[PDB]
Amino acid sequence: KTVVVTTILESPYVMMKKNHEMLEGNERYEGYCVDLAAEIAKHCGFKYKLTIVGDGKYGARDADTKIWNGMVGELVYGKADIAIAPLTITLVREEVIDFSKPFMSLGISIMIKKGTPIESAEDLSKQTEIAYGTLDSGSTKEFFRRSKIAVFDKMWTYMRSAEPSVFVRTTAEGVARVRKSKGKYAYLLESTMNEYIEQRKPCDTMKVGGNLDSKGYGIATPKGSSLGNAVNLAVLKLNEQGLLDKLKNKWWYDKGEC
Ligand SMILES: C=C(C)[C@H]1CN[C@H](C(=O)O)[C@H]1CC(=O)O
């Protein structure tokens, strides 16, 4: 059967082509993960249909409801066959679905407006005049919650209680708030999105310091899937031959504006 790929709109992973209105099917999307899906399909020998995740979410389990949302939920409930998106490999997700080896390696990072006296996470926690927060939900937020490393455990302590919520709802909202915040707000996000935005006009932001942790993005399939082993060997083949790094330069640095 034809494989149903769940993915999500987020630059430069997946975006609607300009002429999307006059296009159909897989031809109406473009991006790192669209390019990646085509490669994975060619290597594993399958025809597929790219679909944008119903709820625009990635994957989390509602507390008492115990229902999984997002792309992971589409995999878990059988609404999708494979998830090709910037979906962070985490324990809670790997408990319910399968992840391939990373196709991309990243880590949480700090994004500041050009000119901020913050050069590190320590610099951040040790003060308070400079605001700093994460996405309202996602893997970065859970990193600070499930945390007990001196600075990170202390950083979380500070965030939850912050006055204006310091938490944002989207990536574009954290960037918009760092730029409209005129120096006061620092956004904590994944290095990948950070590297991408550091290459967009007005070229007024920048990644600072090293990453807080070492993670990866993986292609997910429902636990015990026939496709699992194939996609996993596909990712390793793509990495080894260097195509993964070419695809990143393409979507991140070839068209760099700064
Ligand atoms: C863009 C979003 C909401 C995603 C992308 N990977 C992370 C994930 O899969 O949880 C989330 C970002 C973050 O939490 O910093």
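One gets the deposited numbering by counting positions in the sequence shown from 1 and adding 3 to each.
Even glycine gets a Cβ: it sits at the ideal position worked out from N, Cα and C.
For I55, report the span of its beta strand (DSSP E) as first-last. 51 to 55
Per DSSP, which residues does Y135 bridge with? Please list them. Under DSSP, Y135 takes part in a beta bridge, and its partners are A189.
Coil, strand or helix - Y16 by DSSP: coil
Taking 7 Å as the threshold (C-beta atoms), are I100 and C36 in contact? Result no, Cβ atoms of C36 and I100 do not sit closer than 7 Å.
Have a look at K204 and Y190 and give me their C-alpha separation to the nearest angstrom. 17 Å
Taking only the alpha-carbon atoms, compute the straight-line gap between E176 and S140 and give it to the nearest angstrom. 13 Å
Which residues mark the beginning and the end of the beta strand (DSSP E) in which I152 is found? No beta strand (DSSP E) holds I152; DSSP gives it neither H nor E.
Backbone secondary structure at residue 1 - three-state DSSP: No statement about residue 1 is possible, as the shown extent of the chain runs from 4 to 261 and does not include it.
Any heavy atom of ligand 1 closer than 6 Å to the beta-carbon of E193? yes
Tell whether a beta-carbon distance below 7 Å holds between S142 and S194. Between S142 and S194, the gap from beta carbon to beta carbon reaches 7 Å or more.
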